[PDB]
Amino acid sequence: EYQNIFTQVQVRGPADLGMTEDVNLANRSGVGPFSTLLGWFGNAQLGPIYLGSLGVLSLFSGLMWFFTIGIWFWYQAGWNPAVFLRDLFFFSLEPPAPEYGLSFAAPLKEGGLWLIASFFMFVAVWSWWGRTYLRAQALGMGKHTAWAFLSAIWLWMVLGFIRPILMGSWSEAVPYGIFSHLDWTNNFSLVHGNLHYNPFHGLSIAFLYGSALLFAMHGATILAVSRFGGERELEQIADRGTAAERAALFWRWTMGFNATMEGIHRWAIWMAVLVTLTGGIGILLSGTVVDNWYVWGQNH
């Protein structure tokens, strides 16, 4: 039996330059090469991509952030390429020390550079958010993507900006480093009395697990009814076919209730955004309102 995990026969035709709507076609690149590799799993076409002011600003601002962390790592490596590769994951660009508080007067080597990198990252992420909004707007689409993105930004804003400010010190922010930010995550829990007993942290885990639960259900469900064209979900929404009916009935017969072809994607978007929505709340309350989650937990 054929399982539809990889395409059996790839077909290729003239490149698809995409819908026009109100997109400013002056900012669209040409079409890239086709990838037979990607063609086994999904579409083989690469590009075109839209490149406007925000995209340019985001890409540039993002590379500055990357370069700032970079030169610091090279500096920590004494400019030796061998040491750079050896200790790559151990390098870290730390925030200013607690004594500097929320001042930007920290010298470059004592957190000044971390503040510069954070500025570039701040501009790169937010200009990219506006990008996700205007690309949907230019095509007359809803802004579900931009709002779902806000949920991820919410947690990132809490970890490195909002909570440190409320704590009154940039030293509470996360460092830039592979291993260093893992260690930061570890110390954060120990300092605040075990995050396992932070209820918003447990809620965040339920939605992270539930996201893998739901996407495995939904991905498997759509492949099981792809023999009826089930992955063409927009037309199944407008004109229910036997794919949507069998999919719904499998789950009704299994667990007692079911979704629609549209409704399952509201379950999915909320399951996923709730991960970083609850998580950002749990972090924002740690140290600002609750010093010890285990102790706080025993009183409720």
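One rule holds for the numbers: they count along the sequence shown, beginning at 1.
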Response to the item:
The stretch carrying the higher mean Cα B factor in the deposited entry, 162 to 170 or 97 to 105, is 97 to 105
Worksheet item: Which has higher Cα B-factors on average according to the PDB entry: 73 to 81 or 171 to 179?
Response: 73 to 81
Response to the item:
Note to self: of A224, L139, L88, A216, the C-alpha temperature factor tops out at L88
Item to complete: Compare the CA B factors listed in the entry for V273, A238, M255, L51 and report the winner.
Response: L51
Fill in: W40 CA temperature factor, ranked by third within the chain
middle
Worksheet item: Of the three thirds of its chain by CA temperature factor, lowest, middle or highest, which one includes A244?
Response: lowest
Worksheet entry | Chain-wide C-alpha B factor ranking for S58, given as lowest, middle or highest third | middle
Worksheet item: Among the modelled residues of its chain, does the C-alpha B-factor of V11 lie in the lowest, middle or highest third?
Response: highest
Fill in: Assigned third (lowest, middle, highest) for the C-alpha B factor of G47
middle
